[PDB]
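Note sheet for the following structure.
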Protein chains: 2
Amino acid sequence: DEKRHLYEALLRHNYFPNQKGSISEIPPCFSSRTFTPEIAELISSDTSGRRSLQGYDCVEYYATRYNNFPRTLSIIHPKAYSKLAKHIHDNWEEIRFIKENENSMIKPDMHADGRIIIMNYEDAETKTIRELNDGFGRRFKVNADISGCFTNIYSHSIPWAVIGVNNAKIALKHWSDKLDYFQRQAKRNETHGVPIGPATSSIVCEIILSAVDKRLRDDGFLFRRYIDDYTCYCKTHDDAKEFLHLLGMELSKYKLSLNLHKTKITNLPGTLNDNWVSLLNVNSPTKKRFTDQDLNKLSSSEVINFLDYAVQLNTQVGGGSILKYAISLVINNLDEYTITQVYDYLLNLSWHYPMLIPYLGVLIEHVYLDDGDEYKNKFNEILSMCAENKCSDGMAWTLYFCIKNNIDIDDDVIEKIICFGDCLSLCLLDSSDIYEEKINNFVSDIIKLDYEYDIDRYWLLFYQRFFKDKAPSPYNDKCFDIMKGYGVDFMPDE
Amino acid sequence: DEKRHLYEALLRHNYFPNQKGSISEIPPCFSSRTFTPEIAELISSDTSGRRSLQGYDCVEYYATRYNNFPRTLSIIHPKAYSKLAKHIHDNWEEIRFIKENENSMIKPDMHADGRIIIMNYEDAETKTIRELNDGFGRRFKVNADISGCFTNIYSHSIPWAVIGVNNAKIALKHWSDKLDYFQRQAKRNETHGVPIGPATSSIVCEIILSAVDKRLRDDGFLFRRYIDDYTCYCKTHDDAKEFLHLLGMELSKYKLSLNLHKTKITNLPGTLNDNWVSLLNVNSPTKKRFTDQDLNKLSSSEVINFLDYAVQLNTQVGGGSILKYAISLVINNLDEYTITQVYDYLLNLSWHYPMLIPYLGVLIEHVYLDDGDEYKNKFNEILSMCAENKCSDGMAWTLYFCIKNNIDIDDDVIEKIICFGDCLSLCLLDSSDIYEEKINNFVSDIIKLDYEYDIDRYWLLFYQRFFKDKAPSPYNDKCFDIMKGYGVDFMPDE
DNA sequence: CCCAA
DNA sequence: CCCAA
């Protein structure tokens, strides 16, 4: 069923930020499964407890981009998220028009693994044919980015996209207003912004932007929207300017604005991908298959020189995730002679760029990690860099590797982890049970601060300690008790 | 008195966006004078009326920057602004520590004209000596911009800057919490963002950033802050990185972040101003005084070629307001032979860049505006461009010029002005009394929409129609009646 | 002096 | 095929 798959996607698969295709932003030890729709129904049915503050804060997870710029993913508190997901499920007949939006490529869709939101799920076949069909006969390409699609989207504009702005103003119940209310409750009862990473906020953004897509489609524009990025194909240059103008009016109707720095008009034919993508693939040592596995095994010189050229392209161009693309090109065609060289190169690049840290888990088995403790020092230096740069993705993945592979962590970097206080990193540290007293001191400071949003920012740590009977429930409601009684575990075993 | 000057600055001078030094963002026909502190006290004392919505929306005024990027200035509704200014005045002893912040250059200060916030009020003497003293012995200059100092500043962080974050969390009355509440009431009871242009929000931003400045000052950093832009002078490069890191932690303490695109580290000695500033002044035809007025009168070739070079510099460099700087260099040294050439050049540049539109008022007397109606067509084409580009500064200044100088406006562009619906432009159109029925239809649509924020977005138009007895008061409170009874006029005569 | 932050 | 939006 579409409805049941939507419910299980919202809670069991796309609650945590898990929208990436190949490697996740979060280590795989964190999983939102065993959090079923029945449990969320029981949470939403709970009315006990008193909150001094209105709304709920969320666990914040800082993941670096390719330019080391932090992006704040969020894990919503399960009470507010359960209510929001239940409301989205209950009115899915009125919401599912976002599925039949041909212009939006990244939208809800029934996937095999159980998700609804997967970025870049479509294959290169249909992708290539689609951009060649859209770009045919047109000599201008328009790239326009919404400035604040996650950070300043208007929750009160959720009705305005559904029934119209004027009709929603006269009408002030409808499901869109309740969706607005629950989306506000998801983040501290704040009217602006949505948590990045869950599919509920992606559904809300699709609902808001579907009216803009419909208005642009009714004017005859050929365009594709990936989340917030619009790519339009225009026969003439005034058509590009008119698309930009009409998109500006349609975004300003819902209190949104184009990123004036990011919008650009290029001459077709450009490239189907970015230019660095073709530069990398045309220089890839693994670009041709041989159908025998011994032939397509890369040597040391090939991979080392290709990664050096990738660093050259990242410095010179820097138009995207060049290093991650090249590493994913060469990481699966390695032989056992060259594992140490590529692994040390990945360690250096991952110290410089934390987004390359998860690739260390690809070759984490072949590398003799005991050795002469040099790898322990390198991993702890990576942990120091992650604590200094305040990035949660690299620290979480490195801590996952150290816990799984029994790499020892010094006390000095544990002090830096507590000073940073990333919720997922502290969840991993609590799951190791070595550092119980420091986690206890941290959560005691959070409790004695008596701020409800401070507890909400570490609800996952508090629930992981409560579920293992290491700490009482910080809240006075029954949501944590309901989740513990039905065996909800966000750090499950295999 | 400092307190009385603060009150009269907040209400009579710096209510409207009037922080610019030479030419204002708003035409001079708009003035916030005759809105005295006694009147605001009477407004804040009023408790009658009922609002379905919480908070007040504000008049939005889109002013272009040098790159034609819109910046949204705001005129706060006089009830919320009166309460906010009264609360800022009543606790000025606890607020006035922002005056004694040596690192912040643009801060409240007792000025001769009655304002407290004037950008770049200090003379070139003290400016030049200050950047030469700060840059001496240091070889690195750090430019770091706060990303959302106006658009995502946290109102609940107003107590956190005053008494500390932890103490404000335990404390949950104090004046900072009430200041937070009134600042929220200024913009639709929204916890994020401040209206740009009034000095109350500048005071709030100074309060929030003063703790960051104190923390950076206590670590021995030599730095200067202009609004949101930090410029630090460092002996070594790690000192620059450590300043960037500590500023990141101090901003993240109050839910602020650096603009990672804008931050840069340059090598001292650079230039005291920007590089294009010295390029313009070293090529300025008026750069040397002669002490006789006939000698320093620029010819046609001099000004035309200097403006052509200014357009060349704006295209090639584009690092700032190059065209406005060069125009202000040459606009006051013109002779009567060259008025037509420079005025036509300004008309072309002002069509392309609306921020140059106010300079048309410098030579608006010498130009024979009747002529053969060509200037009427040029002004109406400028009005068409302002309606299409959705800019309020250029449209407001052009409408002010047309009303003052009796330039006729066609009905076709009046349709575009109503379609744009800028509040200040419609205030000017209502003050001309020619277009009464169209303004009546517009305000009838706003009234029949029954949205309180929609009335708040055009409160200035509604009050200008109410004060001239052309329309009844849209609100049910006594604020408009109090302002009318004491003769408050935001469009006063000379 | 003449901009902007 | 292998990224990101």
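Going by the structure tokens order, chains are called A, B, ..., each with residues numbered from 1, while ligands are numbered from 1 in the order shown.
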At most 7 Å is the cut-off: for each residue in chain A with any atom that close to an atom of chain D, write down the nearest atom pair and the distance in Å rounded to one decimal, counting only C-alpha atoms (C1' of nucleotides), chain first then increasing number, as JSON lines.
```
{"residue": "A:226", "atom": "CA", "partner": "D:5", "partner_atom": "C1'", "distance": 5.4}
{"residue": "A:227", "atom": "CA", "partner": "D:5", "partner_atom": "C1'", "distance": 6.4}
{"residue": "A:228", "atom": "CA", "partner": "D:5", "partner_atom": "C1'", "distance": 6.7}
{"residue": "A:229", "atom": "CA", "partner": "D:5", "partner_atom": "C1'", "distance": 5.3}
{"residue": "A:320", "atom": "CA", "partner": "D:3", "partner_atom": "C1'", "distance": 6.8}
{"residue": "A:321", "atom": "CA", "partner": "D:3", "partner_atom": "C1'", "distance": 5.3}
{"residue": "A:325", "atom": "CA", "partner": "D:3", "partner_atom": "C1'", "distance": 5.8}
{"residue": "A:328", "atom": "CA", "partner": "D:2", "partner_atom": "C1'", "distance": 5.5}
{"residue": "A:329", "atom": "CA", "partner": "D:2", "partner_atom": "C1'", "distance": 5.8}
```
Applying 8 Å and only C-alpha atoms (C1' of nucleotides), which residues near residue 83 (chain B) remain after dropping the ones on its own chain fewer than 5 positions away? List them as a ChimeraX atom specification.
/B:40-41,43-44,182
Take the selection from the previous step and output its residues with N, CA, C and O atoms, as an mmCIF file, in the first residue's frame.
```cif
data_model
loop_
_atom_site.group_PDB
_atom_site.id
_atom_site.type_symbol
_atom_site.label_atom_id
_atom_site.label_comp_id
_atom_site.auth_asym_id
_atom_site.auth_seq_id
_atom_site.Cartn_x
_atom_site.Cartn_y
_atom_site.Cartn_z
ATOM 1 N N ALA B 40 4.016 58.739 21.349
ATOM 2 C CA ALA B 40 4.309 57.315 21.478
ATOM 3 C C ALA B 40 3.971 56.790 22.867
ATOM 4 O O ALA B 40 3.549 55.636 23.005
ATOM 5 N N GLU B 41 4.151 57.618 23.900
ATOM 6 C CA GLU B 41 3.704 57.251 25.241
ATOM 7 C C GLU B 41 2.195 57.054 25.281
ATOM 8 O O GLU B 41 1.698 56.111 25.909
ATOM 9 N N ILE B 43 0.317 56.228 22.706
ATOM 10 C CA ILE B 43 0.022 55.020 21.936
ATOM 11 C C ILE B 43 0.274 53.774 22.777
ATOM 12 O O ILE B 43 -0.544 52.847 22.802
ATOM 13 N N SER B 44 1.407 53.738 23.483
ATOM 14 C CA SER B 44 1.723 52.586 24.322
ATOM 15 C C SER B 44 0.774 52.474 25.507
ATOM 16 O O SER B 44 0.534 51.369 26.007
ATOM 17 N N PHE B 182 8.962 42.882 22.841
ATOM 18 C CA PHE B 182 8.571 44.012 22.001
ATOM 19 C C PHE B 182 9.229 43.945 20.628
ATOM 20 O O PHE B 182 8.615 44.320 19.621
#
```
With DSSP run on the backbone, what are the helix (DSSP H, G or I) residues within region 381-454 of chain B? I'd like them as a PDB file with N, CA and C atoms, in the first residue's frame.
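out-v7.pdb, freshly written:
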```pdb
ATOM      1  N   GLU B 381       9.591  55.653 -18.305  1.00  0.00           N
ATOM      2  CA  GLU B 381      10.307  54.408 -18.570  1.00  0.00           C
ATOM      3  C   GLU B 381      11.079  53.947 -17.337  1.00  0.00           C
ATOM      4  N   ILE B 382      11.637  54.894 -16.580  1.00  0.00           N
ATOM      5  CA  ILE B 382      12.279  54.561 -15.310  1.00  0.00           C
ATOM      6  C   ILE B 382      11.260  53.989 -14.328  1.00  0.00           C
ATOM      7  N   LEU B 383      10.057  54.568 -14.296  1.00  0.00           N
ATOM      8  CA  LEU B 383       8.988  54.040 -13.450  1.00  0.00           C
ATOM      9  C   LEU B 383       8.576  52.634 -13.880  1.00  0.00           C
ATOM     10  N   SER B 384       8.533  52.383 -15.193  1.00  0.00           N
ATOM     11  CA  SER B 384       8.255  51.041 -15.699  1.00  0.00           C
ATOM     12  C   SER B 384       9.324  50.048 -15.264  1.00  0.00           C
ATOM     13  N   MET B 385      10.593  50.452 -15.344  1.00  0.00           N
ATOM     14  CA  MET B 385      11.685  49.584 -14.916  1.00  0.00           C
ATOM     15  C   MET B 385      11.606  49.305 -13.421  1.00  0.00           C
ATOM     16  N   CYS B 386      11.228  50.315 -12.634  1.00  0.00           N
ATOM     17  CA  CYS B 386      11.108  50.132 -11.192  1.00  0.00           C
ATOM     18  C   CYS B 386       9.940  49.219 -10.842  1.00  0.00           C
ATOM     19  N   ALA B 387       8.843  49.312 -11.593  1.00  0.00           N
ATOM     20  CA  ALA B 387       7.718  48.407 -11.376  1.00  0.00           C
ATOM     21  C   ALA B 387       8.069  46.980 -11.774  1.00  0.00           C
ATOM     22  N   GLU B 388       8.823  46.816 -12.862  1.00  0.00           N
ATOM     23  CA  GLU B 388       9.188  45.479 -13.316  1.00  0.00           C
ATOM     24  C   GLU B 388      10.198  44.826 -12.377  1.00  0.00           C
ATOM     25  N   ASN B 389      11.203  45.581 -11.937  1.00  0.00           N
ATOM     26  CA  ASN B 389      12.255  45.042 -11.085  1.00  0.00           C
ATOM     27  C   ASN B 389      11.861  44.975  -9.617  1.00  0.00           C
ATOM     28  N   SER B 392      11.640  49.576  -4.535  1.00  0.00           N
ATOM     29  CA  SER B 392      10.876  50.663  -3.941  1.00  0.00           C
ATOM     30  C   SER B 392      11.654  51.966  -3.859  1.00  0.00           C
ATOM     31  N   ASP B 393      12.985  51.906  -3.748  1.00  0.00           N
ATOM     32  CA  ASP B 393      13.765  53.134  -3.623  1.00  0.00           C
ATOM     33  C   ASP B 393      13.716  53.953  -4.906  1.00  0.00           C
ATOM     34  N   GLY B 394      13.952  53.305  -6.047  1.00  0.00           N
ATOM     35  CA  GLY B 394      13.935  54.016  -7.310  1.00  0.00           C
ATOM     36  C   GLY B 394      12.556  54.527  -7.670  1.00  0.00           C
ATOM     37  N   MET B 395      11.529  53.702  -7.450  1.00  0.00           N
ATOM     38  CA  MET B 395      10.162  54.126  -7.728  1.00  0.00           C
ATOM     39  C   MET B 395       9.740  55.276  -6.825  1.00  0.00           C
ATOM     40  N   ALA B 396      10.082  55.203  -5.536  1.00  0.00           N
ATOM     41  CA  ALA B 396       9.712  56.263  -4.603  1.00  0.00           C
ATOM     42  C   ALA B 396      10.408  57.573  -4.947  1.00  0.00           C
ATOM     43  N   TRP B 397      11.706  57.517  -5.263  1.00  0.00           N
ATOM     44  CA  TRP B 397      12.430  58.735  -5.611  1.00  0.00           C
ATOM     45  C   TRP B 397      11.949  59.313  -6.940  1.00  0.00           C
ATOM     46  N   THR B 398      11.676  58.450  -7.925  1.00  0.00           N
ATOM     47  CA  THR B 398      11.168  58.912  -9.212  1.00  0.00           C
ATOM     48  C   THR B 398       9.779  59.523  -9.079  1.00  0.00           C
ATOM     49  N   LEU B 399       8.913  58.910  -8.267  1.00  0.00           N
ATOM     50  CA  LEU B 399       7.587  59.464  -8.032  1.00  0.00           C
ATOM     51  C   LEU B 399       7.671  60.790  -7.292  1.00  0.00           C
ATOM     52  N   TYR B 400       8.616  60.907  -6.355  1.00  0.00           N
ATOM     53  CA  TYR B 400       8.838  62.174  -5.670  1.00  0.00           C
ATOM     54  C   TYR B 400       9.275  63.258  -6.646  1.00  0.00           C
ATOM     55  N   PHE B 401      10.180  62.919  -7.570  1.00  0.00           N
ATOM     56  CA  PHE B 401      10.613  63.884  -8.579  1.00  0.00           C
ATOM     57  C   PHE B 401       9.471  64.279  -9.506  1.00  0.00           C
ATOM     58  N   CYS B 402       8.652  63.309  -9.920  1.00  0.00           N
ATOM     59  CA  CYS B 402       7.548  63.600 -10.829  1.00  0.00           C
ATOM     60  C   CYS B 402       6.477  64.453 -10.160  1.00  0.00           C
ATOM     61  N   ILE B 403       6.186  64.188  -8.885  1.00  0.00           N
ATOM     62  CA  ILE B 403       5.183  64.975  -8.174  1.00  0.00           C
ATOM     63  C   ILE B 403       5.702  66.380  -7.891  1.00  0.00           C
ATOM     64  N   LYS B 404       6.960  66.497  -7.450  1.00  0.00           N
ATOM     65  CA  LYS B 404       7.524  67.804  -7.131  1.00  0.00           C
ATOM     66  C   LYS B 404       7.691  68.664  -8.379  1.00  0.00           C
ATOM     67  N   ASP B 411      -1.424  56.558 -17.463  1.00  0.00           N
ATOM     68  CA  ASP B 411      -2.231  55.568 -16.759  1.00  0.00           C
ATOM     69  C   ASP B 411      -1.597  54.184 -16.827  1.00  0.00           C
ATOM     70  N   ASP B 412      -0.876  53.894 -17.916  1.00  0.00           N
ATOM     71  CA  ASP B 412      -0.300  52.566 -18.113  1.00  0.00           C
ATOM     72  C   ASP B 412       0.727  52.236 -17.036  1.00  0.00           C
ATOM     73  N   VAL B 413       1.564  53.207 -16.669  1.00  0.00           N
ATOM     74  CA  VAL B 413       2.510  52.982 -15.582  1.00  0.00           C
ATOM     75  C   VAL B 413       1.838  53.043 -14.217  1.00  0.00           C
ATOM     76  N   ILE B 414       0.712  53.750 -14.090  1.00  0.00           N
ATOM     77  CA  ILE B 414      -0.042  53.729 -12.839  1.00  0.00           C
ATOM     78  C   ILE B 414      -0.601  52.333 -12.576  1.00  0.00           C
ATOM     79  N   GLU B 415      -1.057  51.648 -13.633  1.00  0.00           N
ATOM     80  CA  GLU B 415      -1.448  50.244 -13.507  1.00  0.00           C
ATOM     81  C   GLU B 415      -0.301  49.383 -12.991  1.00  0.00           C
ATOM     82  N   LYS B 416       0.915  49.618 -13.490  1.00  0.00           N
ATOM     83  CA  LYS B 416       2.068  48.855 -13.024  1.00  0.00           C
ATOM     84  C   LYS B 416       2.426  49.188 -11.580  1.00  0.00           C
ATOM     85  N   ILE B 417       2.214  50.437 -11.160  1.00  0.00           N
ATOM     86  CA  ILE B 417       2.480  50.805  -9.771  1.00  0.00           C
ATOM     87  C   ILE B 417       1.484  50.127  -8.835  1.00  0.00           C
ATOM     88  N   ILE B 418       0.203  50.098  -9.215  1.00  0.00           N
ATOM     89  CA  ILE B 418      -0.794  49.390  -8.409  1.00  0.00           C
ATOM     90  C   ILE B 418      -0.509  47.890  -8.393  1.00  0.00           C
ATOM     91  N   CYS B 419      -0.049  47.339  -9.522  1.00  0.00           N
ATOM     92  CA  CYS B 419       0.305  45.923  -9.573  1.00  0.00           C
ATOM     93  C   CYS B 419       1.488  45.611  -8.664  1.00  0.00           C
ATOM     94  N   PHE B 420       2.492  46.490  -8.643  1.00  0.00           N
ATOM     95  CA  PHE B 420       3.595  46.341  -7.698  1.00  0.00           C
ATOM     96  C   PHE B 420       3.104  46.555  -6.270  1.00  0.00           C
ATOM     97  N   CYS B 423       4.232  50.403  -0.743  1.00  0.00           N
ATOM     98  CA  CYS B 423       3.467  51.225   0.191  1.00  0.00           C
ATOM     99  C   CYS B 423       3.860  52.696   0.111  1.00  0.00           C
ATOM    100  N   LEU B 424       5.156  52.988  -0.021  1.00  0.00           N
ATOM    101  CA  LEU B 424       5.588  54.383  -0.063  1.00  0.00           C
ATOM    102  C   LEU B 424       5.225  55.033  -1.391  1.00  0.00           C
ATOM    103  N   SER B 425       5.322  54.271  -2.482  1.00  0.00           N
ATOM    104  CA  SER B 425       4.901  54.769  -3.786  1.00  0.00           C
ATOM    105  C   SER B 425       3.406  55.056  -3.805  1.00  0.00           C
ATOM    106  N   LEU B 426       2.613  54.185  -3.180  1.00  0.00           N
ATOM    107  CA  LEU B 426       1.181  54.438  -3.087  1.00  0.00           C
ATOM    108  C   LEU B 426       0.874  55.584  -2.134  1.00  0.00           C
ATOM    109  N   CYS B 427       1.720  55.804  -1.121  1.00  0.00           N
ATOM    110  CA  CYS B 427       1.584  56.992  -0.283  1.00  0.00           C
ATOM    111  C   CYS B 427       1.785  58.260  -1.098  1.00  0.00           C
ATOM    112  N   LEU B 428       2.799  58.266  -1.967  1.00  0.00           N
ATOM    113  CA  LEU B 428       3.026  59.417  -2.840  1.00  0.00           C
ATOM    114  C   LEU B 428       1.871  59.609  -3.820  1.00  0.00           C
ATOM    115  N   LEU B 429       1.374  58.508  -4.394  1.00  0.00           N
ATOM    116  CA  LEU B 429       0.253  58.587  -5.327  1.00  0.00           C
ATOM    117  C   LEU B 429      -1.007  59.102  -4.642  1.00  0.00           C
ATOM    118  N   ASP B 430      -1.239  58.683  -3.399  1.00  0.00           N
ATOM    119  CA  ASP B 430      -2.365  59.195  -2.631  1.00  0.00           C
ATOM    120  C   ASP B 430      -2.168  60.661  -2.267  1.00  0.00           C
ATOM    121  N   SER B 431      -0.924  61.071  -2.011  1.00  0.00           N
ATOM    122  CA  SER B 431      -0.639  62.468  -1.710  1.00  0.00           C
ATOM    123  C   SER B 431      -0.759  63.364  -2.934  1.00  0.00           C
ATOM    124  N   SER B 432      -0.727  62.798  -4.143  1.00  0.00           N
ATOM    125  CA  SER B 432      -0.990  63.617  -5.323  1.00  0.00           C
ATOM    126  C   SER B 432      -2.484  63.855  -5.531  1.00  0.00           C
ATOM    127  N   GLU B 436      -7.162  58.862  -6.787  1.00  0.00           N
ATOM    128  CA  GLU B 436      -7.884  58.514  -5.566  1.00  0.00           C
ATOM    129  C   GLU B 436      -8.666  57.212  -5.713  1.00  0.00           C
ATOM    130  N   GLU B 437      -9.306  56.997  -6.866  1.00  0.00           N
ATOM    131  CA  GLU B 437     -10.153  55.818  -7.021  1.00  0.00           C
ATOM    132  C   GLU B 437      -9.338  54.528  -7.099  1.00  0.00           C
ATOM    133  N   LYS B 438      -8.132  54.574  -7.669  1.00  0.00           N
ATOM    134  CA  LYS B 438      -7.317  53.365  -7.746  1.00  0.00           C
ATOM    135  C   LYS B 438      -6.734  53.005  -6.387  1.00  0.00           C
ATOM    136  N   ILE B 439      -6.293  54.013  -5.631  1.00  0.00           N
ATOM    137  CA  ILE B 439      -5.829  53.787  -4.265  1.00  0.00           C
ATOM    138  C   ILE B 439      -6.978  53.282  -3.400  1.00  0.00           C
ATOM    139  N   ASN B 440      -8.186  53.806  -3.635  1.00  0.00           N
ATOM    140  CA  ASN B 440      -9.370  53.344  -2.917  1.00  0.00           C
ATOM    141  C   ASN B 440      -9.671  51.884  -3.231  1.00  0.00           C
ATOM    142  N   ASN B 441      -9.553  51.489  -4.502  1.00  0.00           N
ATOM    143  CA  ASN B 441      -9.758  50.091  -4.870  1.00  0.00           C
ATOM    144  C   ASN B 441      -8.705  49.188  -4.236  1.00  0.00           C
ATOM    145  N   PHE B 442      -7.451  49.649  -4.201  1.00  0.00           N
ATOM    146  CA  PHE B 442      -6.376  48.865  -3.596  1.00  0.00           C
ATOM    147  C   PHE B 442      -6.621  48.655  -2.105  1.00  0.00           C
ATOM    148  N   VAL B 443      -6.938  49.733  -1.382  1.00  0.00           N
ATOM    149  CA  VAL B 443      -7.153  49.598   0.055  1.00  0.00           C
ATOM    150  C   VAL B 443      -8.462  48.872   0.342  1.00  0.00           C
ATOM    151  N   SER B 444      -9.426  48.919  -0.582  1.00  0.00           N
ATOM    152  CA  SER B 444     -10.641  48.129  -0.419  1.00  0.00           C
ATOM    153  C   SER B 444     -10.349  46.643  -0.561  1.00  0.00           C
ATOM    154  N   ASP B 445      -9.458  46.280  -1.490  1.00  0.00           N
ATOM    155  CA  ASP B 445      -9.022  44.888  -1.592  1.00  0.00           C
ATOM    156  C   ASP B 445      -8.290  44.443  -0.331  1.00  0.00           C
ATOM    157  N   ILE B 446      -7.434  45.313   0.215  1.00  0.00           N
ATOM    158  CA  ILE B 446      -6.718  44.979   1.449  1.00  0.00           C
ATOM    159  C   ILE B 446      -7.689  44.806   2.615  1.00  0.00           C
ATOM    160  N   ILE B 447      -8.700  45.674   2.711  1.00  0.00           N
ATOM    161  CA  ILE B 447      -9.682  45.573   3.788  1.00  0.00           C
ATOM    162  C   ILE B 447     -10.529  44.313   3.637  1.00  0.00           C
ATOM    163  N   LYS B 448     -11.007  44.033   2.421  1.00  0.00           N
ATOM    164  CA  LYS B 448     -11.860  42.872   2.207  1.00  0.00           C
ATOM    165  C   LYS B 448     -11.088  41.561   2.267  1.00  0.00           C
ATOM    166  N   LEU B 449      -9.754  41.603   2.188  1.00  0.00           N
ATOM    167  CA  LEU B 449      -8.972  40.393   2.415  1.00  0.00           C
ATOM    168  C   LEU B 449      -9.012  39.945   3.871  1.00  0.00           C
ATOM    169  N   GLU B 452      -4.918  40.875   8.955  1.00  0.00           N
ATOM    170  CA  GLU B 452      -4.401  41.992   9.741  1.00  0.00           C
ATOM    171  C   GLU B 452      -2.977  42.348   9.331  1.00  0.00           C
ATOM    172  N   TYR B 453      -2.175  41.348   8.958  1.00  0.00           N
ATOM    173  CA  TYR B 453      -0.822  41.624   8.488  1.00  0.00           C
ATOM    174  C   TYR B 453      -0.830  42.348   7.150  1.00  0.00           C
ATOM    175  N   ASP B 454      -1.854  42.119   6.324  1.00  0.00           N
ATOM    176  CA  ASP B 454      -1.957  42.840   5.060  1.00  0.00           C
ATOM    177  C   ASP B 454      -2.246  44.318   5.288  1.00  0.00           C
TER     178      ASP B 454
END
```
Provide as a PyMOL selection string the residues of chain B at most 8 Å from chain A, counting only C-alpha atoms.
chain B and resi 69+166+169-170+190-192+260+449-451
Next, the residues of the selection above should be written as a PDB file, in the first residue's frame with C-alpha atoms.
```pdb
ATOM      1  CA  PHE B  69      20.361  43.135  -5.214  1.00  0.00           C
ATOM      2  CA  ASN B 166      23.047  30.175  31.367  1.00  0.00           C
ATOM      3  CA  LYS B 169      18.053  30.022  31.053  1.00  0.00           C
ATOM      4  CA  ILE B 170      17.904  29.641  34.850  1.00  0.00           C
ATOM      5  CA  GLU B 190       8.380  36.114  15.081  1.00  0.00           C
ATOM      6  CA  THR B 191      11.403  34.976  17.072  1.00  0.00           C
ATOM      7  CA  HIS B 192      13.888  35.425  14.200  1.00  0.00           C
ATOM      8  CA  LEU B 260      31.501  31.507   5.023  1.00  0.00           C
ATOM      9  CA  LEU B 449      -8.972  40.393   2.415  1.00  0.00           C
ATOM     10  CA  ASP B 450      -9.494  40.601   6.228  1.00  0.00           C
ATOM     11  CA  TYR B 451      -5.820  39.833   6.952  1.00  0.00           C
TER      12      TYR B 451
END
```
Quick one: everything within 9 Å of region 173-178 of chain B, counting only C-alpha atoms (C1' of nucleotides), minus sequence neighbours fewer than 6 positions away in the same chain. Send it as a PyMOL selection string.
chain B and resi 87-88+91+94+155-156+158-163
